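The figures that follow rest on heavy atoms only: side chains count, while hydrogens, waters and symmetry mates do not. In the text below, chain A, chain B and the rest are named by the order of the sequence lines, each starting its count at 1.
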Number of protein chains: 4
Amino acid sequence: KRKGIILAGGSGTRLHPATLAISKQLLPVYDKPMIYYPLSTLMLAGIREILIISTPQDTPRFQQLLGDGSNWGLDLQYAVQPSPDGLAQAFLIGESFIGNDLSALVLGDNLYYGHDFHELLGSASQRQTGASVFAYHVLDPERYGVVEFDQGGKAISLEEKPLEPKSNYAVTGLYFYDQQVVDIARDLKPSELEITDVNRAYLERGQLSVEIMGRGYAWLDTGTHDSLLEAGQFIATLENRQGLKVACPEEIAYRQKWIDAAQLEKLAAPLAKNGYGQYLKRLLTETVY
Amino acid sequence: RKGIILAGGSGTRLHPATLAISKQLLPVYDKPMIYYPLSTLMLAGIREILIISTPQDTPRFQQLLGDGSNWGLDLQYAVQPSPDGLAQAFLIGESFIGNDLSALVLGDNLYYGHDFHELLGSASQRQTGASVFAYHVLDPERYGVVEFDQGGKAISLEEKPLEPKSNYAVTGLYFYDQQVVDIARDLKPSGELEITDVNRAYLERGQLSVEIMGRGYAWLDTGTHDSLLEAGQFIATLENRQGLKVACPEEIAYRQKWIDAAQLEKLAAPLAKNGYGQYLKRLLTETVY
Amino acid sequence: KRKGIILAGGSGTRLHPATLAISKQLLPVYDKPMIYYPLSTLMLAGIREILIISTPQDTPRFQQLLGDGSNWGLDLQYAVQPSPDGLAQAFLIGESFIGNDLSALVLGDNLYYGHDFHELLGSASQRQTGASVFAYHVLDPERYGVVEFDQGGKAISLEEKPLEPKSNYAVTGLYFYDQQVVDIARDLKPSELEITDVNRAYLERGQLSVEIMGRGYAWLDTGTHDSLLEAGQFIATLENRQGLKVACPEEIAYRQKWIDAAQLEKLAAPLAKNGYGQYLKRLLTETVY
Amino acid sequence: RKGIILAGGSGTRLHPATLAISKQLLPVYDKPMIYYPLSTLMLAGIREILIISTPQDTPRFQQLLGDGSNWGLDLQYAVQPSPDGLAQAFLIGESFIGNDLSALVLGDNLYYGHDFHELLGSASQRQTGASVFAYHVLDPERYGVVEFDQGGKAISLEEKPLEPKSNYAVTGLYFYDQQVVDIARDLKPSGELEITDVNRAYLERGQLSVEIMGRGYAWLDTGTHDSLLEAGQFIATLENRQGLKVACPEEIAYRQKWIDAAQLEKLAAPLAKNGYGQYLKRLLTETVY
Ligand SMILES: CN(c1c(NCCCn2cc(CN)nn2)n(Cc2ccccc2)c(=O)[nH]c1=O)S(=O)(=O)c1ccccc1
Ligand SMILES: CN(c1c(NCCCn2cc(CN)nn2)n(Cc2ccccc2)c(=O)[nH]c1=O)S(=O)(=O)c1ccccc1
Ligand SMILES: CN(c1c(NCCCn2cc(CN)nn2)n(Cc2ccccc2)c(=O)[nH]c1=O)S(=O)(=O)c1ccccc1
Ligand SMILES: CN(c1c(NCCCn2cc(CN)nn2)n(Cc2ccccc2)c(=O)[nH]c1=O)S(=O)(=O)c1ccccc1
Ligand SMILES: [Cl-]
Ligand SMILES: [Cl-]
Ligand SMILES: [Cl-]
Ligand SMILES: [Cl-]
Ligand SMILES: [Cl-]
Ligand SMILES: [Cl-]
């Protein structure tokens, strides 16, 4: 059993004034709230028990959007981050939720797309000891956790936002952990409690799997107003080309058989007037390979 | 002249993007949607403004904008329990309007262009009857449509006609004399109190001024996920080209001399880390024609 | 041995006046000529001997861009289509070029992206008898050749631009053929000589492989001014995110070991001032997984 | 006043996109780039226009535009053997200019906004000295930069200064009296004949008019792959919103009464199948204010 955490603790003042009224992870990417994308990621990894961590202020808005998850065959719980004291704090806040189980942490503002993404998630989820992370070639590795590889393609170092990156390989905001993570997190000293320190702890124990997320995958940037807009245009282009949605949670739950035709039809009813509800209706009758 | 921004529900049209929060709190590029119509009223020289929103979202608008005193405005708030037409704004706003002239702007309407201040000025100076703006669009059937005679006189208004008489849509910006509240009270639901019925009342009295908003102005659509995205790209292109912002309320208040250098500097302080605060700081030292 | 054909015969007057001065397939998609994308596709399928079919007018422009291909470890030949009399005409024009070999036809305006695209091409290229095509879920199947599947997922019919498509599965502009194709093409009667008639001929002989190109692949539309612009924005988003190019022929030739470090350095020299040349230089020193 | 469009080489800056054909023949959305500056000269009331291009591309410009008689223009052509500065336009154009007033526009400059015809009109009516336009940009170091004194008088011009005195760039639109050819003949290479040197010559004689092009105008960048794409999206957003075209030369000629209904109908005929021809047909019957 692997449990999911979505860290949706806003973005401080970075995207103000756009994010003054509402948390970053409730802003739409094209046609759906940002959080639908990482939620859909956990769902594709087969995870149904998910903790959403947000600000005290925005927890009710996340709860109004997503409920307890029962409508999508999920169990959603909620926890608050009073102060953004690092990503690794997710494991202390989430300690009781995690218990003795395996976990996956996804950032609430990370968008993924591509062929065999389910297999890339599957390989990390099946490793039931140590930690699994993904390395993706980016233009601006200095913004991220950077992985250095030896001539043999083995991961040998992790640096958080290095001014002189050793590679162009950034660690994506998707992390798989065994039962050691909470204890590793409790022993961290502030630099913020750094996720890169958690990942370096596993690396030093020789228990960090670093899989390449290939250039054929899109790992999208929602860090700036410019990149948020590009992410919107990217999803819009795919969806209007295909007549298929990216990270429609109702669709993923239906295809995982976590909800049946009758439940999906009920979810379509109140959205029947717009394209999203019409999309859910079409899913009941169409064969999609 | 007193201002009203109608920032009510779009029902379920943009769901699930708008499930968590009102359309008019979503960003267009770098700032909340409501900054654009607010900036429009400010450019028309209006400082006393009623913001009408859903019962749920009124506190979010209040948290974003306060009483307006920081921007040299007087902001008041009212709720629209149910979206029963745009004309309801004048009943909700009746006590706020009192015996004064008024301007209604829709909370999801974006305007841009040269001498926009003069186009607003001409409508605002006409102290009797009503002034509206007609703009050539591809899809007039979505709007209030103006029909003109061979002499270019306005002779009919139709709300979302199946067979539009012209390609000229009425924009979501309306100037009214002291007759508007009484005209609104006498309206019967169509099940909505139609702004087009208010405007037809003035037309039949021969007291409706219909000024052409030329093709050299951008009147932008935020009605669909596609058009919301285009509006973001449109503002981003102008702002990144110019190093100047469209509809920055702090800037407009400063340039109208509604706040001084000292007040603007104080507003910059809490945003000093991001581009928006840095922009407000640059405004103190730079000459912009 | 499999030989490649790129059909780049313009677009008649469909995209006029944009295409009045130059052929569609010489228009850029972001940073590189459209034809670089299908050329890169054939190169990824391991094809080095490629016939480019274009108008008499534009052949010299294609020749000025691409030469004989020797700089990229290719052998490029050129043939003219006097009149656009259907896609299947490619096999009559290309008859002597093809000889007794296997072939692949790609449309000069088709863009592909995704993970394991090389494997999808590999599976079609290794089938040395019959024909292989790809089916992709689209919004507007009525614009394309449409594949109908039985309950078992076997292809049972092909229709060219049906007013009432049997599925949302369009045949992409990428076709693999055995030595039968030229003879099948010679026996066709005008409806234009239809590629769908060629593919139906193989289906009726039970020699048509239809592989699904999954929703995790991008098959992009360059049919309209709107879709051409979206294709540009799509590539720009991926390339600026990754610091890696999509369909850089110099890169693909280098990674296939069709050219060495010394040849790549020579190709970089005349482009050294711009980002494209700087990209080719960085390829000499960087490990990319 | 006679017009010159300088549509010469951008060297290798946009290679390989511009390897096959000149920048100014690439489309911006739905029409060749050169349609935009041509439309600019036409809006300034200029019918006699010299098009300067590379030796290679002159025939392509001639094939696109002819002698202009179909649009009520007189188009002549000249070649720039080597891109040795913008001021060379006046030596190449010397015989074409003769004893007349002139306007130079860059072939890759796009303008949009309300009363643009009046901004052009004011410069065109000044029959002595030179008129240029100053526009606030983020990156003034890329352009000719105007410095103003406390009174808003222009006091210096610098070409691509490392330390810009202001954020005010000179746009690629220049109005000149009969002095310009002689001023140009006396210029020494910097290794380019600089337009900024021509403009500084007029400034030192106190005969340079520098009018502000306000933030309500769009002056668009086609200097980079990124900015070319944004220009396309910008025009597409306006045209799809309005159902009206920006810089349709047939429309501008018709509205200036340089061609009649019968001539416009003939121009529509060969384009009748696509949206551009259908647009020209609609212009014959529709009243547009
Ligand atoms: C485009 N993708 C995607 C989808 N593509 C995944 C196809 C590959 N696949 C097969 C299976 C069978 N277990 N699971 N995944 N699917 C299909 C799906 C099929 C079966 C179960 C779940 C989802 C989907 O419904 N929505 C999707 O959005 S994706 O790149 O894998 C993705 C992207 C972002 C979030 C979640 C999934
Ligand atoms: C780009 N525009 C605009 C601005 N352009 C307006 C320039 C025309 N103008 C001159 C004056 C001088 N009294 N007022 N307006 N200005 C300048 C401004 C100067 C003085 C007072 C108010 C605003 C501004 O600060 N922000 C702006 O966003 S705009 O197209 O007219 C506009 C569009 C939508 C909302 C608000 C403004
Ligand atoms: C993003 N892709 C892509 C690339 N991705 C392909 C990676 C998968 N792969 C491994 C191999 C080893 N034979 N070949 N392909 N590669 C890498 C590459 C590696 C080895 C050989 C050729 C190209 C590349 O250089 N340019 C690319 O543009 S892609 O989706 O397969 C592609 C898209 C469009 C045209 C050609 C390829
Ligand atoms: C949107 N603009 C524009 C147009 N807008 C200009 C309207 C202002 N105007 C009124 C008049 C009446 N003599 N002339 N100009 N017009 C209208 C027009 C009407 C009469 C004569 C010429 C053009 C047009 O046909 N195409 C246009 O593209 S524009 O911003 O001024 C422009 C920008 C760049 C090139 C050419 C025009
Ligand atoms: Cl890949
Ligand atoms: Cl106008
Ligand atoms: Cl700034
Ligand atoms: Cl897939
Ligand atoms: Cl202005
Ligand atoms: Cl039309």
Side-chain angles (χ1 to χ4, degrees), chain C residues 3-13 15-16 19 23-25 38 51-59 62 77-99 103-110 130-135 138 140-148 155-166 169-188 190-208 210 221-224, chain D residues 269-272 274 277:
Chain C
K3 288 188 187 134
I5 304 169
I6 307 170
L7 187 48
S11 55
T13 63
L15 292 184
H16 281 12
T19 47
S23 274
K24 181 176 181 188
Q25 306 89 351
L51 181 65
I52 298 171
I53 303 176
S54 70
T55 61
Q57 296 66 42
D58 273 345
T59 295
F62 285 108
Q77 294 169 54
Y78 300 85
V80 303
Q81 191 172 29
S83 172
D85 303 340
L87 306 179
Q89 206 183 30
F91 300 115
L92 305 188
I93 298 165
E95 170 153 8
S96 82
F97 164 82
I98 291 170
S103 63
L105 177 63
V106 67
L107 304 184
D109 67 354
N110 276 218
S132 299
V133 306
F134 303 100
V138 298
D140 51 359
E142 62 278 6
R143 287 171 66 213
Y144 298 104
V146 177
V147 189
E148 179 189 22
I156 61 162
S157 87
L158 293 173
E159 285 164 19
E160 182 57 33
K161 301 192 183 79
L163 289 183
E164 300 189 302
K166 296 296 210 322
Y169 282 96
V171 178
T172 78
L174 181 51
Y175 318 91
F176 291 75
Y177 294 113
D178 65 9
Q179 294 92 341
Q180 303 183 69
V181 67
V182 170
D183 284 334
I184 291 165
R186 181 181 304 108
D187 292 346
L188 290 174
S191 51
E192 291 196 327
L193 298 174
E194 303 279 20
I195 197 71
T196 295
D197 289 341
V198 171
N199 296 329
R200 190 182 299 97
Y202 276 96
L203 180 64
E204 285 168 355
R205 297 146 133 84
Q207 288 190 302
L208 184 61
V210 182
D221 181 5
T222 64
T224 65
Chain D
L271 297 164
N274 68 56

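In this structure, C:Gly10 and C:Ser23 approach most closely via the heavy-atom pair CA-OG, 4.1 Å. Taking every heavy atom of both residues into account, C:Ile6 and C:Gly108 meet most closely at CG2-CA, 3.7 Å. The two residues C:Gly130 and C:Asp178 have their closest heavy-atom pair at N-OD2, 2.7 Å. The heavy-atom pair separating C:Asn110 from C:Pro38 by the smallest distance is O-CD, 3.6 Å. The nearest pair of heavy atoms linking C:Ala8 to C:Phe62 is CB-CZ, 3.8 Å. Minimum interatomic distance between C:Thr196 and C:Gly145 (heavy atoms only, all atoms of both residues): OG1-CA, 4.1 Å.
When the side-chain hydrogen bond (donor to acceptor under 3.5 Å, both in side chains) test is applied to C:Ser132, the partners found at least two apart in sequence or on another chain are C:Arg127. For C:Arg205, there are no salt bridge (charged side-chain N to carboxylate O under 4.0 Å, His left out) partners two or more places apart in sequence or in a different chain. Partners of C:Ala88 under the side-chain contact (heavy atoms from CB on, under 4.5 Å) rule, at least two apart in sequence or in another chain, are C:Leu188, C:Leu193, C:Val198. Residues passing the side-chain contact (heavy atoms from CB on, under 4.5 Å) test with C:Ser157, sequence neighbours excluded: C:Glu148, C:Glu159. C:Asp58 pairs by the salt bridge (charged side-chain N to carboxylate O under 4.0 Å, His left out) definition with D:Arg60, not counting sequence neighbours. Applying the side-chain hydrogen bond (donor to acceptor under 3.5 Å, both in side chains) rule to C:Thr55 yields no partners; only residues at least two apart in sequence or on another chain are considered. Residues that satisfy the ring pair (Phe, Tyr, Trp, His ring centres under 6.0 Å) test with C:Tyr177, not counting sequence neighbours, are C:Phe91, C:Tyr202. Annotation: ring pair (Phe, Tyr, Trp, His ring centres under 6.0 Å) contacts of C:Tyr144 (sequence neighbours excluded): C:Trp219. By the salt bridge (charged side-chain N to carboxylate O under 4.0 Å, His left out) test, C:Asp183 pairs with C:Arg186, sequence neighbours left out. Annotation: side-chain contact (heavy atoms from CB on, under 4.5 Å) contacts of C:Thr222 (sequence neighbours excluded): C:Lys24, C:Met34, C:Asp109, C:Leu111, C:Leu228, C:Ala231. For C:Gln57, the side-chain hydrogen bond (donor to acceptor under 3.5 Å, both in side chains) criterion is met by no residue, not counting sequence neighbours.
Looking at heavy atoms from C-beta onward, C:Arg143 lies out of side-chain contact with C:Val138 at the 4.5 angstrom threshold. Inter-residue side-chain proximity for C:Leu158 and C:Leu208 is flagged as met; some heavy-atom pair is nearer than 4.5 Å. Counting heavy atoms from C-beta outward, C:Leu7 and C:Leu105 have side chains that approach closer than 4.5 Å. Considering only heavy atoms from C-beta on, C:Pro56 comes within 4.5 Å of C:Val80 through its side chain. At least one side-chain heavy atom of C:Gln207 sits less than 4.5 Å from a side-chain heavy atom of C:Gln180.
For the atom pair CD of C:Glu192 and CG of C:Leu87, the computed distance is 7.0 Å after rounding to the nearest 0.5 Å. For the atom pair CD1 (C:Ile184) and CG (C:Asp197), the distance works out to 11.5 Å, reported to the nearest 0.5 Å. Expressed to the nearest 0.5 Å, how far CD of C:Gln77 lies from OG of C:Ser96 amounts to 7.5 Å.
For C:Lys166 (side chain) and C:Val146 (main-chain N/O), no donor-acceptor pair under 3.5 Å exists by modelled atom type. A distance-only check finds a donor-acceptor pair linking the side chain of D:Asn274 to the backbone of C:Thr13 [under 3.5 Å].
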Using side-chain contact (heavy atoms from CB on, under 4.5 Å), reason through C:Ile93 and C:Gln81 one step at a time and then give a plain yes or no. CA-CA 7 Å; C:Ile93 298 165; C:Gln81 191 172 29; 3.9 Å; yes
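With C:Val210 as the fixed residue, the side-chain contact (heavy atoms from CB on, under 4.5 Å) test singles out one of C:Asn199, C:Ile156, C:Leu203, C:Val147: C:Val147.
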